$ cat query-v2.tsv   # TSV, C-alpha atoms and all ligand atoms
chain	number	residue	atom	x	y	z
A	1	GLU	CA	75.53	85.02	-69.60
A	2	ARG	CA	72.58	87.30	-68.55
A	3	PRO	CA	70.33	89.56	-70.69
A	4	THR	CA	69.84	93.39	-70.75
A	5	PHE	CA	66.66	94.68	-68.95
A	6	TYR	CA	64.59	97.93	-69.50
A	7	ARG	CA	62.26	99.82	-67.06
A	8	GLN	CA	58.60	101.05	-67.50
A	9	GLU	CA	55.57	102.42	-65.57
A	10	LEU	CA	52.21	100.66	-66.34
A	11	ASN	CA	48.92	101.36	-64.39
A	12	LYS	CA	51.01	102.79	-61.46
A	13	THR	CA	53.14	99.55	-61.58
A	14	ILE	CA	56.96	99.45	-62.25
A	15	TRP	CA	58.08	96.68	-64.80
A	16	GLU	CA	61.77	95.66	-65.42
A	17	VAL	CA	62.12	92.92	-68.15
A	18	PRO	CA	64.69	91.60	-70.66
A	19	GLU	CA	64.81	93.42	-74.10
A	20	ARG	CA	63.69	90.04	-75.63
A	21	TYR	CA	60.09	90.97	-74.49
A	22	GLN	CA	58.56	94.00	-76.38
A	23	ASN	CA	55.35	96.13	-76.60
A	24	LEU	CA	54.00	95.26	-73.10
A	25	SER	CA	50.23	95.97	-72.90
A	26	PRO	CA	48.13	95.43	-69.70
A	27	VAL	CA	45.33	92.76	-70.07
A	28	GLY	CA	42.29	91.57	-68.06
A	29	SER	CA	41.55	94.89	-66.20
A	30	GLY	CA	42.95	93.47	-62.89
A	31	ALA	CA	41.17	90.03	-63.11
A	32	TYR	CA	44.44	88.12	-64.00
A	33	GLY	CA	46.58	90.08	-61.46
A	34	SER	CA	49.48	92.26	-62.86
A	35	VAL	CA	49.71	90.74	-66.37
A	36	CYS	CA	50.88	92.19	-69.73
A	37	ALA	CA	50.61	90.81	-73.25
A	38	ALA	CA	54.15	90.98	-74.77
A	39	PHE	CA	55.85	90.08	-78.08
A	40	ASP	CA	58.69	87.54	-77.68
A	41	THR	CA	61.41	88.59	-80.22
A	42	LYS	CA	63.08	85.15	-79.77
A	43	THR	CA	60.13	82.98	-81.07
A	44	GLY	CA	57.94	85.57	-82.94
A	45	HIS	CA	55.03	84.63	-80.53
A	46	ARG	CA	52.75	86.71	-78.27
A	47	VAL	CA	53.10	85.75	-74.51
A	48	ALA	CA	51.62	86.74	-71.11
A	49	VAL	CA	53.99	88.13	-68.42
A	50	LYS	CA	52.84	88.22	-64.74
A	51	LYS	CA	54.61	90.38	-62.09
A	52	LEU	CA	54.04	88.89	-58.60
A	53	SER	CA	52.67	91.45	-56.07
A	54	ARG	CA	54.83	91.93	-52.89
A	55	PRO	CA	56.21	88.36	-53.15
A	56	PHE	CA	58.33	88.26	-49.89
A	57	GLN	CA	56.43	90.86	-47.75
A	58	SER	CA	55.34	88.18	-45.15
A	59	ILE	CA	55.94	84.44	-44.43
A	60	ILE	CA	52.57	83.64	-46.10
A	61	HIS	CA	53.37	85.73	-49.26
A	62	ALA	CA	56.82	84.03	-49.48
A	63	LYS	CA	55.27	80.51	-49.28
A	64	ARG	CA	52.56	81.45	-51.90
A	65	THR	CA	55.37	82.68	-54.26
A	66	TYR	CA	57.32	79.34	-53.82
A	67	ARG	CA	54.07	77.29	-54.34
A	68	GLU	CA	53.11	79.15	-57.57
A	69	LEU	CA	56.63	78.71	-59.08
A	70	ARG	CA	56.82	74.97	-58.06
A	71	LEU	CA	53.30	74.20	-59.61
A	72	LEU	CA	54.11	76.13	-62.85
A	73	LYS	CA	57.54	74.37	-63.23
A	74	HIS	CA	55.75	70.99	-62.95
A	75	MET	CA	52.90	71.43	-65.52
A	76	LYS	CA	53.77	69.84	-68.97
A	77	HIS	CA	50.40	69.10	-70.68
A	78	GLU	CA	48.47	70.59	-73.65
A	79	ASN	CA	45.38	71.43	-71.43
A	80	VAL	CA	47.25	73.03	-68.43
A	81	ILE	CA	49.06	76.42	-68.42
A	82	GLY	CA	52.88	75.88	-68.57
A	83	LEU	CA	56.05	77.95	-67.83
A	84	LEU	CA	57.91	79.40	-70.92
A	85	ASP	CA	60.26	81.53	-68.68
A	86	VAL	CA	60.80	82.92	-65.15
A	87	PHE	CA	63.15	85.88	-64.50
A	88	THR	CA	64.21	88.50	-61.92
A	89	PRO	CA	66.30	91.65	-62.53
A	90	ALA	CA	68.34	90.67	-59.35
A	91	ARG	CA	72.02	89.63	-59.85
A	92	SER	CA	72.17	87.83	-56.39
A	93	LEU	CA	70.05	86.36	-53.53
A	94	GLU	CA	70.74	89.62	-51.54
A	95	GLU	CA	68.98	91.98	-54.02
A	96	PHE	CA	66.28	89.28	-55.06
A	97	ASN	CA	62.87	91.02	-54.52
A	98	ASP	CA	60.84	90.59	-57.82
A	99	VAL	CA	59.55	87.50	-59.79
A	100	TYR	CA	58.17	87.56	-63.35
A	101	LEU	CA	56.45	84.49	-64.88
A	102	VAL	CA	55.91	83.95	-68.68
A	103	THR	CA	53.16	81.69	-70.24
A	104	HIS	CA	51.28	81.37	-73.57
A	105	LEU	CA	48.86	84.27	-74.26
A	106	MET	CA	45.26	82.90	-74.58
A	107	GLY	CA	42.43	84.60	-76.66
A	108	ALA	CA	39.52	84.63	-74.11
A	109	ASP	CA	38.36	83.31	-70.67
A	110	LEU	CA	35.17	81.12	-70.72
A	111	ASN	CA	33.31	83.65	-68.43
A	112	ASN	CA	33.27	86.26	-71.32
A	113	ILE	CA	32.06	83.54	-73.79
A	114	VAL	CA	29.00	82.06	-71.96
A	115	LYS	CA	28.05	85.78	-71.27
A	116	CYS	CA	26.91	86.04	-74.99
A	117	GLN	CA	24.78	82.84	-75.33
A	118	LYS	CA	24.76	79.01	-74.92
A	119	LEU	CA	27.12	76.79	-77.02
A	120	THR	CA	26.35	73.99	-79.52
A	121	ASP	CA	26.44	70.41	-78.13
A	122	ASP	CA	29.55	69.79	-80.34
A	123	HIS	CA	31.39	72.84	-78.78
A	124	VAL	CA	30.44	71.56	-75.26
A	125	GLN	CA	31.76	68.00	-76.02
A	126	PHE	CA	35.15	69.43	-77.10
A	127	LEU	CA	35.57	71.96	-74.21
A	128	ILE	CA	34.53	69.50	-71.38
A	129	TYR	CA	36.74	66.75	-72.96
A	130	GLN	CA	39.81	69.08	-72.73
A	131	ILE	CA	39.01	70.13	-69.08
A	132	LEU	CA	38.81	66.41	-68.08
A	133	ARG	CA	41.99	65.55	-69.99
A	134	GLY	CA	43.86	68.33	-68.04
A	135	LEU	CA	42.27	67.16	-64.73
A	136	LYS	CA	43.35	63.49	-65.26
A	137	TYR	CA	46.93	64.87	-65.54
A	138	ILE	CA	46.74	67.24	-62.46
A	139	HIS	CA	44.92	64.59	-60.27
A	140	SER	CA	47.56	61.90	-61.23
A	141	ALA	CA	50.19	64.09	-59.37
A	142	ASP	CA	47.85	64.44	-56.29
A	143	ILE	CA	47.22	68.11	-57.15
A	144	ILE	CA	43.64	69.49	-56.66
A	145	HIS	CA	42.63	72.76	-58.42
A	146	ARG	CA	39.84	73.54	-55.81
A	147	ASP	CA	38.63	76.72	-57.64
A	148	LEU	CA	37.44	75.56	-61.14
A	149	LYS	CA	35.00	78.11	-62.65
A	150	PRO	CA	34.49	79.66	-66.10
A	151	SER	CA	36.80	82.69	-65.33
A	152	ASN	CA	39.86	80.28	-64.68
A	153	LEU	CA	39.46	78.47	-68.09
A	154	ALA	CA	40.97	80.02	-71.27
A	155	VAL	CA	40.51	79.17	-75.02
A	156	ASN	CA	41.98	80.23	-78.40
A	157	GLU	CA	40.08	80.94	-81.64
A	158	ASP	CA	40.49	77.22	-82.62
A	159	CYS	CA	38.83	76.27	-79.21
A	160	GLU	CA	42.03	74.72	-77.68
A	161	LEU	CA	41.52	75.01	-73.90
A	162	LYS	CA	43.93	75.46	-70.93
A	163	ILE	CA	43.28	75.33	-67.13
A	164	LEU	CA	44.74	78.39	-65.25
A	165	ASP	CA	44.32	79.87	-61.69
A	166	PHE	CA	44.00	83.67	-61.22
A	167	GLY	CA	44.03	83.11	-57.41
A	168	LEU	CA	42.83	86.16	-55.37
A	169	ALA	CA	42.32	88.93	-58.09
A	170	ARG	CA	39.10	90.78	-59.31
A	171	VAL	CA	31.46	85.18	-60.60
A	172	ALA	CA	31.29	83.59	-57.08
A	173	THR	CA	33.51	80.51	-56.32
A	174	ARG	CA	30.52	79.51	-54.12
A	175	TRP	CA	28.41	78.78	-57.27
A	176	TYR	CA	30.84	75.96	-58.43
A	177	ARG	CA	32.01	74.55	-55.07
A	178	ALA	CA	31.44	70.87	-53.95
A	179	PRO	CA	29.04	70.67	-50.95
A	180	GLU	CA	31.61	68.61	-48.89
A	181	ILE	CA	34.50	71.20	-49.16
A	182	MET	CA	32.08	74.16	-48.78
A	183	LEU	CA	30.72	73.01	-45.34
A	184	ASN	CA	33.63	70.60	-44.51
A	185	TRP	CA	31.24	67.73	-43.60
A	186	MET	CA	32.95	64.62	-45.17
A	187	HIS	CA	36.41	63.33	-46.33
A	188	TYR	CA	37.21	65.28	-49.58
A	189	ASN	CA	39.24	64.04	-52.57
A	190	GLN	CA	40.19	65.13	-56.14
A	191	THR	CA	36.41	64.76	-57.07
A	192	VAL	CA	35.67	68.25	-55.59
A	193	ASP	CA	36.99	69.37	-59.04
A	194	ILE	CA	34.51	66.99	-60.86
A	195	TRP	CA	31.50	68.75	-59.05
A	196	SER	CA	32.85	72.09	-60.47
A	197	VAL	CA	33.06	70.57	-64.05
A	198	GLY	CA	29.41	69.41	-63.71
A	199	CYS	CA	28.33	72.98	-62.76
A	200	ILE	CA	30.34	74.49	-65.73
A	201	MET	CA	29.00	71.91	-68.28
A	202	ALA	CA	25.36	72.60	-67.16
A	203	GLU	CA	26.01	76.38	-67.67
A	204	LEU	CA	27.55	75.92	-71.21
A	205	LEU	CA	24.46	73.80	-72.22
A	206	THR	CA	21.66	76.02	-70.71
A	207	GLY	CA	23.32	79.53	-70.74
A	208	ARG	CA	22.34	79.91	-66.98
A	209	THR	CA	24.30	79.49	-63.65
A	210	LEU	CA	23.06	76.12	-62.25
A	211	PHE	CA	23.29	77.03	-58.48
A	212	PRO	CA	23.45	80.85	-58.01
A	213	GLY	CA	23.45	80.86	-54.14
A	214	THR	CA	23.54	84.26	-52.25
A	215	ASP	CA	25.58	82.64	-49.37
A	216	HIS	CA	26.64	79.15	-48.07
A	217	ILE	CA	23.08	78.40	-46.64
A	218	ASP	CA	21.22	79.52	-49.84
A	219	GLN	CA	23.88	77.62	-51.93
A	220	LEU	CA	23.25	74.26	-50.12
A	221	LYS	CA	19.43	74.76	-50.40
A	222	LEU	CA	19.66	75.24	-54.22
A	223	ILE	CA	21.91	72.12	-54.48
A	224	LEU	CA	19.64	69.81	-52.33
A	225	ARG	CA	16.62	70.93	-54.48
A	226	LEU	CA	18.26	69.22	-57.57
A	227	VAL	CA	20.21	66.23	-56.00
A	228	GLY	CA	17.89	65.55	-52.96
A	229	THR	CA	18.68	65.48	-49.20
A	230	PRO	CA	21.32	62.88	-48.11
A	231	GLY	CA	20.12	59.26	-47.56
A	232	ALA	CA	20.84	57.19	-44.38
A	233	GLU	CA	23.85	55.70	-46.34
A	234	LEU	CA	25.56	59.09	-46.90
A	235	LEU	CA	24.47	60.27	-43.37
A	236	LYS	CA	26.52	57.28	-41.95
A	237	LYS	CA	29.76	58.95	-43.39
A	238	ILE	CA	29.25	62.52	-41.94
A	239	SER	CA	31.77	63.11	-39.04
A	240	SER	CA	30.59	66.71	-38.14
A	241	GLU	CA	27.73	66.62	-35.53
A	242	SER	CA	26.65	70.25	-36.38
A	243	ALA	CA	26.57	69.40	-40.16
A	244	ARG	CA	24.55	66.21	-39.44
A	245	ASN	CA	22.14	68.14	-37.14
A	246	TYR	CA	21.65	70.88	-39.82
A	247	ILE	CA	20.94	68.40	-42.73
A	248	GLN	CA	18.58	66.20	-40.63
A	249	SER	CA	16.75	69.43	-39.52
A	250	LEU	CA	15.65	70.32	-43.12
A	251	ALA	CA	12.45	68.77	-44.58
A	252	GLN	CA	13.32	65.94	-47.08
A	253	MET	CA	13.75	66.68	-50.86
A	254	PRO	CA	13.80	63.94	-53.54
A	255	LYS	CA	16.42	63.68	-56.32
A	256	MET	CA	14.90	65.28	-59.46
A	257	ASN	CA	15.06	63.39	-62.80
A	258	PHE	CA	17.81	65.37	-64.66
A	259	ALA	CA	16.06	64.54	-68.03
A	260	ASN	CA	13.17	66.73	-66.67
A	261	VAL	CA	15.63	69.60	-65.80
A	262	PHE	CA	17.94	69.71	-68.85
A	263	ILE	CA	15.05	69.34	-71.33
A	264	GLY	CA	16.10	68.88	-75.01
A	265	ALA	CA	19.86	68.23	-74.22
A	266	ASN	CA	21.88	65.27	-75.66
A	267	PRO	CA	20.74	62.33	-73.40
A	268	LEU	CA	24.45	61.29	-73.24
A	269	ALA	CA	25.16	64.81	-71.73
A	270	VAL	CA	22.33	64.36	-69.15
A	271	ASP	CA	23.73	60.89	-68.15
A	272	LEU	CA	27.25	62.35	-67.61
A	273	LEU	CA	25.76	65.23	-65.45
A	274	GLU	CA	23.99	62.54	-63.27
A	275	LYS	CA	27.42	60.88	-62.71
A	276	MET	CA	29.25	64.19	-61.83
A	277	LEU	CA	26.59	65.92	-59.59
A	278	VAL	CA	26.29	63.20	-56.87
A	279	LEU	CA	26.57	64.31	-53.17
A	280	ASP	CA	28.56	61.23	-52.06
A	281	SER	CA	32.20	62.01	-53.09
A	282	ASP	CA	33.03	58.22	-52.97
A	283	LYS	CA	30.41	57.70	-55.78
A	284	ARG	CA	31.24	60.67	-58.09
A	285	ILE	CA	32.90	59.79	-61.46
A	286	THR	CA	36.72	60.49	-61.70
A	287	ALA	CA	38.36	62.43	-64.60
A	288	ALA	CA	39.92	59.20	-66.00
A	289	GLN	CA	36.49	57.40	-65.91
A	290	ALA	CA	34.70	60.46	-67.43
A	291	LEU	CA	37.07	60.49	-70.50
A	292	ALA	CA	35.75	56.95	-71.45
A	293	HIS	CA	32.04	58.06	-71.18
A	294	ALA	CA	30.08	57.66	-74.51
A	295	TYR	CA	29.52	61.49	-74.62
A	296	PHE	CA	33.21	61.93	-75.74
A	297	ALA	CA	33.12	59.10	-78.41
A	298	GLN	CA	34.27	61.70	-81.06
A	299	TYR	CA	37.43	62.78	-79.04
A	300	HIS	CA	38.50	59.96	-76.56
A	301	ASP	CA	41.91	58.36	-77.31
A	302	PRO	CA	43.22	56.15	-74.46
A	303	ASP	CA	46.79	56.30	-75.91
A	304	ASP	CA	46.76	60.19	-75.81
A	305	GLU	CA	45.45	61.00	-72.23
A	306	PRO	CA	48.73	60.99	-70.31
A	307	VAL	CA	49.51	61.06	-66.55
A	308	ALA	CA	52.00	63.42	-64.83
A	309	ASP	CA	55.46	62.84	-63.29
A	310	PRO	CA	55.23	62.66	-59.45
A	311	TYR	CA	55.17	66.04	-57.61
A	312	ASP	CA	56.91	66.50	-54.24
A	313	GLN	CA	54.47	68.54	-52.07
A	314	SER	CA	56.31	67.78	-48.76
A	315	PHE	CA	57.06	71.62	-48.55
A	316	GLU	CA	53.28	72.17	-47.81
A	317	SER	CA	53.85	70.76	-44.21
A	318	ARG	CA	56.80	73.10	-43.45
A	319	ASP	CA	56.85	76.28	-41.27
A	320	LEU	CA	59.92	78.39	-42.38
A	321	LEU	CA	61.13	82.05	-42.15
A	322	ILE	CA	60.68	84.62	-45.01
A	323	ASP	CA	64.40	84.41	-45.95
A	324	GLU	CA	64.19	80.57	-46.18
A	325	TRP	CA	61.11	80.56	-48.51
A	326	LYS	CA	62.94	83.34	-50.52
A	327	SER	CA	66.20	81.28	-50.89
A	328	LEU	CA	64.14	78.19	-52.00
A	329	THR	CA	62.38	80.38	-54.64
A	330	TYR	CA	65.79	81.78	-55.89
A	331	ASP	CA	67.08	78.13	-56.28
A	332	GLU	CA	64.02	77.28	-58.52
A	333	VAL	CA	64.57	80.44	-60.67
A	334	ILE	CA	68.30	79.48	-61.14
A	335	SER	CA	67.52	75.76	-61.94
A	336	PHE	CA	64.78	76.59	-64.58
A	337	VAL	CA	65.21	74.85	-68.05
A	338	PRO	CA	63.08	76.38	-70.87
A	339	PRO	CA	60.82	74.03	-72.90
A	340	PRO	CA	62.23	72.84	-76.27
A	341	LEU	CA	61.40	75.30	-79.18
B	401	LIG	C1	51.40	84.63	-66.85
B	401	LIG	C2	50.74	83.59	-65.98
B	401	LIG	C3	51.30	83.25	-64.74
B	401	LIG	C4	50.62	82.45	-63.82
B	401	LIG	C5	49.35	81.95	-64.12
B	401	LIG	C6	48.67	80.87	-63.30
B	401	LIG	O1	47.70	80.24	-63.75
B	401	LIG	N1	49.17	80.61	-62.07
B	401	LIG	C7	48.72	79.50	-61.23
B	401	LIG	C8	49.62	78.28	-61.47
B	401	LIG	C9	49.22	76.93	-60.86
B	401	LIG	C10	47.88	76.32	-61.23
B	401	LIG	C11	47.69	74.95	-60.55
B	401	LIG	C12	46.40	74.23	-60.99
B	401	LIG	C13	46.33	74.11	-62.48
B	401	LIG	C14	46.43	75.48	-63.14
B	401	LIG	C15	47.72	76.18	-62.74
B	401	LIG	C16	48.75	79.94	-59.75
B	401	LIG	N2	47.85	80.84	-59.37
B	401	LIG	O2	49.58	79.44	-58.97
B	401	LIG	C17	48.77	82.29	-65.35
B	401	LIG	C18	49.45	83.06	-66.29
B	401	LIG	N3	48.84	83.62	-67.44
B	401	LIG	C19	47.76	84.36	-67.53
B	401	LIG	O3	47.39	85.04	-66.58
B	401	LIG	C20	47.14	84.54	-68.87
B	401	LIG	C21	47.46	84.03	-70.15
B	401	LIG	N4	46.66	84.49	-71.09
B	401	LIG	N5	45.80	85.33	-70.43
B	401	LIG	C22	44.78	86.01	-71.15
B	401	LIG	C23	45.13	87.17	-71.87
B	401	LIG	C24	44.16	87.82	-72.61
B	401	LIG	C25	42.87	87.35	-72.63
B	401	LIG	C26	42.53	86.21	-71.91
B	401	LIG	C27	43.48	85.52	-71.15
B	401	LIG	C28	43.09	84.30	-70.37
B	401	LIG	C29	46.07	85.38	-69.11
$ encode --input "query-v2.tsv" --output "structure tokens"
Amino acid sequence: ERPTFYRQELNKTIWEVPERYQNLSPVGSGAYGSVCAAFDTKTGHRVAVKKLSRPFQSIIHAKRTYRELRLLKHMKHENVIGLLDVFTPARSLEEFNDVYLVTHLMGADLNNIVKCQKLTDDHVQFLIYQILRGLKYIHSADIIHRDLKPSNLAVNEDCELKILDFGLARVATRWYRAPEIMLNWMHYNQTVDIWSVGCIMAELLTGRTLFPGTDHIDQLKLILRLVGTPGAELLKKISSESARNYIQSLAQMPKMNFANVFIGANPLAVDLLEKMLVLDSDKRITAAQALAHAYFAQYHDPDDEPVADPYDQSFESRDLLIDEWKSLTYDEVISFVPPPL
């Protein structure tokens, strides 16, 4: 019918959950939002429970709440975070004011893993393979992550990887961002995420941030030093006059030979980096193409790299009232079907 809930105070936060979830312990020191590790008495498994912060306080909060629930309810893939449960203590739409989301509990984020040292080439093959397998899935539904960086990627002891998003909650996004979506200078596609994967892979191999810019101007200067200033062919496709003026006003840099930058790395790794870190977003490798690159010979299976069901994002166009976004969210909580045990 409906379970029995119990109340708690944790880090100045109130928490009201079903008895099924036990021994709630705050994790991530703010960086994941309001999240507790919990023990799930139904499965005998550890889980993560997130309490959304002020979910219906404004129109923009209410839309963000709907968007996060809709994305989580869609994701059914080994390398993307998925929804085990969603609950509110509210018995009706009228008193609906709190949303709790339940996922798998992961062992570590990749930020607090590179921080020690660099990884073996074999560890890098396996981790980048799993990122690209999750991205083929997300991109097949016309979903773009847009903020891939080591702090949004999580792994277990056995090195199984999942893509998450910790949104706004306290490693600069700037350092991993595609030049075209940073300065909005060209048509942008799913391959903004492939630029980010290139930056992350470089960092796992060298143990150093590839492009540690201090701001957007410093960031572009560090990038152009490796990949070279745009040619006349890429200049032809820049719609922004101010962008085009800025670029053409710098003194010309050549493309460096990546074999001279990533010295001693697997030459198959250097070749894949050349294909990911191209300025022209029409010429960057896709996730599906990257999975068939020789670098992943050990892992690639074309019969086990699935696509996603279609995702209706027509809501993204709509301008509705708080109470409308709230009712739509309540509907999705009510209609939720747990994954098969
Ligand atoms: C409970 C929960 C709820 C929401 C999210 C989450 O990723 N939400 C996304 C969903 C959509 C996004 C679209 C692009 C593809 C990726 C997904 C968002 N911002 O909308 C994560 C967890 N879980 C965690 O925060 C979590 C799970 N173990 N840990 C953890 C716990 C201890 C140590 C290390 C880690 C990583 C943290």
$ closest_residue --input "query-v2.tsv" --among "A:134, A:179, A:302, A:107" --to "ligand LIG 401 (chain B)" --atoms "all atoms listed in the file"
A:107
$ residues_near_ligand --input "query-v2.tsv" --ligand "ligand LIG 401 (chain B)" --cutoff "6 Å" --atoms "only C-alpha atoms and all ligand atoms" --output "list in words"
residues 27, 32, 48, 49, 50, 68, 71, 72, 80, 81, 101, 102, 103, 104, 105, 106, 107, 108, 109, 145, 154, 163, 164, 165, 166 and 167 of chain A
$ closest_residue --input "query-v2.tsv" --among "A:262, A:250, A:201, A:16" --to "residue 90 of chain A" --atoms "all atoms listed in the file"
A:16
$ closest_residue --input "query-v2.tsv" --among "A:247, A:194, A:69, A:119" --to "residue 276 of chain A" --atoms "all atoms listed in the file"
A:194
$ closest_residue --input "query-v2.tsv" --among "A:188, A:152, A:211, A:92" --to "residue 225 of chain A" --atoms "only C-alpha atoms"
A:211
$ closest_residue --input "query-v2.tsv" --among "A:312, A:301, A:98, A:158" --to "residue 86 of chain A" --atoms "all atoms listed in the file"
A:98
$ residues_around --input "query-v2.tsv" --residues "residue 239 of chain A" --least-positions-apart "4" --cutoff "10 Å" --atoms "all atoms listed in the file" --output "ChimeraX atom specification"
/A:184-187,235,243-244
$ residues_around --input "query-v2.tsv" --residues "residue 148 of chain A" --least-positions-apart "2" --cutoff "12 Å" --atoms "all atoms listed in the file" --output "ChimeraX atom specification"
/A:110-111,131-132,134-135,144-146,150-154,162-167,171-178,190-201
$ write_last_selection --input "query-v2.tsv" --atoms "C-alpha atoms" --output "JSON list (two decimals), keeping the file's coordinate frame"
[["chain", "number", "residue", "atom", "x", "y", "z"],
["A", 110, "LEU", "CA", 35.17, 81.12, -70.72],
["A", 111, "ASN", "CA", 33.31, 83.65, -68.43],
["A", 131, "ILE", "CA", 39.01, 70.13, -69.08],
["A", 132, "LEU", "CA", 38.81, 66.41, -68.08],
["A", 134, "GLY", "CA", 43.86, 68.33, -68.04],
["A", 135, "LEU", "CA", 42.27, 67.16, -64.73],
["A", 144, "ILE", "CA", 43.64, 69.49, -56.66],
["A", 145, "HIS", "CA", 42.63, 72.76, -58.42],
["A", 146, "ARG", "CA", 39.84, 73.54, -55.81],
["A", 150, "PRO", "CA", 34.49, 79.66, -66.10],
["A", 151, "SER", "CA", 36.80, 82.69, -65.33],
["A", 152, "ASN", "CA", 39.86, 80.28, -64.68],
["A", 153, "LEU", "CA", 39.46, 78.47, -68.09],
["A", 154, "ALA", "CA", 40.97, 80.02, -71.27],
["A", 162, "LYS", "CA", 43.93, 75.46, -70.93],
["A", 163, "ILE", "CA", 43.28, 75.33, -67.13],
["A", 164, "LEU", "CA", 44.74, 78.39, -65.25],
["A", 165, "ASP", "CA", 44.32, 79.87, -61.69],
["A", 166, "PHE", "CA", 44.00, 83.67, -61.22],
["A", 167, "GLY", "CA", 44.03, 83.11, -57.41],
["A", 171, "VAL", "CA", 31.46, 85.18, -60.60],
["A", 172, "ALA", "CA", 31.29, 83.59, -57.08],
["A", 173, "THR", "CA", 33.51, 80.51, -56.32],
["A", 174, "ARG", "CA", 30.52, 79.51, -54.12],
["A", 175, "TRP", "CA", 28.41, 78.78, -57.27],
["A", 176, "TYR", "CA", 30.84, 75.96, -58.43],
["A", 177, "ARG", "CA", 32.01, 74.55, -55.07],
["A", 178, "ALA", "CA", 31.44, 70.87, -53.95],
["A", 190, "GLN", "CA", 40.19, 65.13, -56.14],
["A", 191, "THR", "CA", 36.41, 64.76, -57.07],
["A", 192, "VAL", "CA", 35.67, 68.25, -55.59],
["A", 193, "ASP", "CA", 36.99, 69.37, -59.04],
["A", 194, "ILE", "CA", 34.51, 66.99, -60.86],
["A", 195, "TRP", "CA", 31.50, 68.75, -59.05],
["A", 196, "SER", "CA", 32.85, 72.09, -60.47],
["A", 197, "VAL", "CA", 33.06, 70.57, -64.05],
["A", 198, "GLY", "CA", 29.41, 69.41, -63.71],
["A", 199, "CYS", "CA", 28.33, 72.98, -62.76],
["A", 200, "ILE", "CA", 30.34, 74.49, -65.73],
["A", 201, "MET", "CA", 29.00, 71.91, -68.28]]
